[PDB]
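Quick note on labels: first sequence line is chain A, next is B, and so on, each numbered from 1. Hydrogens, waters and symmetry mates are skipped; everything else that's a heavy atom, side chains included, is used.
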Amino acid sequence: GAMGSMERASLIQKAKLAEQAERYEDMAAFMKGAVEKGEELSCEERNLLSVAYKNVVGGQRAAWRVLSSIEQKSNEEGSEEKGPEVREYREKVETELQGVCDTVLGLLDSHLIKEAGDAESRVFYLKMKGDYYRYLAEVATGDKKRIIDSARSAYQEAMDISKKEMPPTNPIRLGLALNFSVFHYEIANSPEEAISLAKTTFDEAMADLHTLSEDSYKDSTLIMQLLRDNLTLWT
Amino acid sequence: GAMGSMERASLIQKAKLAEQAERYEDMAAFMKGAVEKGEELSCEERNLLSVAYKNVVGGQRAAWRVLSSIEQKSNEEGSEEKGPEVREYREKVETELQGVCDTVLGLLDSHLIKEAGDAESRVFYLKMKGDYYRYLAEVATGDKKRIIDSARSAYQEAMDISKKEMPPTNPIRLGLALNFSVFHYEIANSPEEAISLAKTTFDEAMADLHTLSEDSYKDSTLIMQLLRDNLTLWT
Amino acid sequence: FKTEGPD
Amino acid sequence: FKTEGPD
Ligand SMILES: [Cl-]
Ligand SMILES: [Cl-]
Ligand SMILES: [Mg+2]
Ligand SMILES: [Mg+2]
Ligand SMILES: [Mg+2]
Ligand SMILES: [Mg+2]
Ligand SMILES: [Mg+2]
Ligand SMILES: [Mg+2]
């Protein structure tokens, strides 16, 4: 791997510099190198891994959505034939997106999840596995059912652990629930399930805010507001 | 070249899709492929080439500035030694930036400039040559004088042609003058020259606005406002 | 719809 | 300082 000669600590340090420079593909490559050293990741390092790949895949998803919209308009009645180029370029972007998802899923399978024993690490990684299968599902049109079921399975395992091992205000638990609710609404065609999950999660967090410090309260309420924003859109 | 098997018209079409998707590295690669077909570029195609590379190099320049600032702070009295990583990563970004500038300069030398006979094409390409030498000068610390003189020479040839062949309101002439004024101020340590050029250019354009259609007036006054914004910063 | 983290 | 075109 191109990062095999670089110290782990140097890869972490450069990931943080890349973040400051908004060089997210570099950040992801540094964090992939750090994972491939074989040691478990700290909380801070997990979050660098997630921020890096989320920014890379987010750019790809946005591009794919633009291209797919253009392609769909091209396939409307009375649209002029323009040749294979829009499909080809949408496919190019799609294939690159799938490649990034496969890279992340591969890091999780070899060997982040199997060595993660604490609830905070294991839930974090299982949520990531659900997220990247969800991004694969957004572009899938052929195995689609199996991709969807892989996302669902990862999210459900993360949910089961989080409900047993973490308080209802924990930010990783809250972000998991937020994302699993969007899976239900956008991917699984289950808007009622999405709404029920978001509601239950919000209400259970609200009842436990009284236990928190001012700083923890800020962290939890930020995610709660995201649940509220989706519930406003959906109801 | 990876684009050698793709039709010229398909490369242009995909450059425009990449622009809509904000996929500027793809856009640049498509436009490089189009240039390498060997035919001259239309006005629209010149502008796609410029927008693509300007966005790619702009991201690199922004990243370089962040990293260089961090590196300079590290070299201040009482800063803790943190090792070679900030310098290494600044160098990585710098080398990639230089590579993009060299790619653009190479397209201009082989063979865009030599086949450009009309003032609009030749001025456009010579301005681009000044711009990419200017971006090389921003990071140069060693040949620095020769890089600066190459920028200056390109801009001066473009200026000489533009003053003979184009009206004072022409947008390419105005953007050339704007950029050459910033060269004087930022690169050549010639703030008086920068201010004189920006002033003269603005005033000569203002005196010829009366000749223009409403649409041309909008195009010219947009660039004039940029000259005004720099003059406000500099005076 | 909102999901966790940056875009 | 402003130069021509996008960033
Ligand atoms: Cl393509
Ligand atoms: Cl590096
Ligand atoms: Mg070591
Ligand atoms: Mg496909
Ligand atoms: Mg109902
Ligand atoms: Mg042909
Ligand atoms: Mg260097
Ligand atoms: Mg003076």
- Residues in salt bridge (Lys or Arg N to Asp or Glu O under 4.0 Å) contact with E81(B), at least two apart in sequence or another chain: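 Here no residue qualifies.
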- Message: Would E4(D) and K54(B) count as a side chain to side chain contact (heavy atoms under 4.5 Å, CB included) here? Give the steps.
- Response: CA-CA 10 Å; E4(D) 177 276 325; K54(B) 181 78 187 338; 6.0 Å; no
- Could you tell me whether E45(B) and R8(B) make a salt bridge, using a distance below 4.0 angstrom between a side-chain N and a carboxylate O?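 Yes, this pair counts.
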- Query: Salt bridge or not for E120(A) and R173(A), using N-O below 4.0 Å?
  - Reply: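 A salt bridge is absent here (no side-chain N lies under 4.0 Å from a carboxylate O).
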Does one side chain, of [X] or [Y], offer a donor that lies under 3.5 Å from an acceptor on the other?
X       : Y       : result
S68(B)  : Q72(B)  : yes
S213(A) : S216(A) : yes
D102(B) : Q98(B)  : no
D229(B) : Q225(B) : yes

- Where do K37(A) and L11(A) land on the side chain to side chain contact (heavy atoms under 4.5 Å, CB included) test, with the steps shown first? CA-CA 10 Å; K37(A) 299 300 176 183; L11(A) 288 161; 3.6 Å; yes
Any side-chain heavy atom of [X] sitting closer than 4.5 Å to one from [Y]?
X       : Y       : value
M166(A) : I172(A) : yes
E192(A) : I195(A) : no
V66(B)  : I70(B)  : yes
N230(B) : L226(B) : no

- Item | ring pair (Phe, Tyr, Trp, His ring centres under 6.0 Å) partners of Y185(B), counting only residues at least two apart |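 Scan of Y185(B) (ring pair (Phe, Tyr, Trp, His ring centres under 6.0 Å), adjacent residues dropped) gives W234(B), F1(D).
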- Message: Does the structure place the NZ or CZ of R152(A) under 6.0 Å from the centre of the six-membered ring of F183(A), at an angle of no more than 45° from the ring's axis?
- Response: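 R152(A) over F183(A) ring: no.
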- Query: Taking only residues two or more places apart in sequence, or in another chain, which ones meet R122(A) in a side chain to side chain donor-acceptor pair (under 3.5 Å)?
  - Reply: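 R122(A): side chain to side chain donor-acceptor pair (under 3.5 Å) contacts with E157(A).
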- Results of side chain to side chain donor-acceptor pair (under 3.5 Å) for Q13(B) - residues two or more places apart only: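 Partners of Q13(B) under the side chain to side chain donor-acceptor pair (under 3.5 Å) test: none.
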- Task: List the steps, then state whether side chain to side chain contact (heavy atoms under 4.5 Å, CB included) holds for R46(A) with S121(A).
- Result: CA-CA 8 Å; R46(A) 293 190 296 272; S121(A) 58; 3.8 Å; yes
- Message: salt bridge (charged side-chain N to carboxylate O under 4.0 Å, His left out), that's the test. Do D215(B) and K218(B) meet it? Break it down for me.
- Response: CA-CA 5 Å; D215(B) 288 348; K218(B) 171 169 136 300; over 6 Å; no
Backbone N or O of [Y] within a donor-acceptor pair of the [X] side chain at under 3.5 Å?
X       : Y       : result
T221(A) : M224(A) : no
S50(A)  : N47(A)  : no
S181(A) : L197(A) : no

- side chain to side chain donor-acceptor pair (under 3.5 Å) contacts in which one or both residues fall within residues 128-138 of chain A, not counting sequence neighbours: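 The answer is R61(A)-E138(A), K127(A)-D131(A), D131(A)-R134(A), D131(A)-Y155(A), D131(A)-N179(A), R134(A)-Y155(A).
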- Apply the test side chain to side chain contact (heavy atoms under 4.5 Å, CB included) to residues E204(A) and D208(A): give CA-CA distance (whole Å), side-chain angles for both, the deciding distance (0.1 Å), then the verdict. CA-CA 7 Å; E204(A) 286 207 286; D208(A) 264 29; over 6 Å; no
Listed pairs under 3.5 Å, donor-acceptor, residues 83-96 of chain B side chains, sequence neighbours left out:
unit_1 : atom_1 : unit_2 : atom_2 : d
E85(B) : OE2    : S10(A) : OG     : 2.6
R87(B) : NH1    : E91(B) : OE1    : 3.1
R87(B) : NH1    : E91(B) : OE2    : 3.4
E88(B) : OE1    : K14(A) : NZ     : 2.8
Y89(B) : OH     : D26(A) : OD2    : 2.7
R90(B) : NE     : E71(B) : OE1    : 2.7
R90(B) : NH1    : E94(B) : OE1    : 2.9
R90(B) : NH2    : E71(B) : OE1    : 3.4
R90(B) : NH2    : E71(B) : OE2    : 2.9
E94(B) : OE1    : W64(B) : NE1    : 2.9
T95(B) : OG1    : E91(B) : O      : 2.7
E96(B) : OE1    : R23(A) : NH2    : 2.8

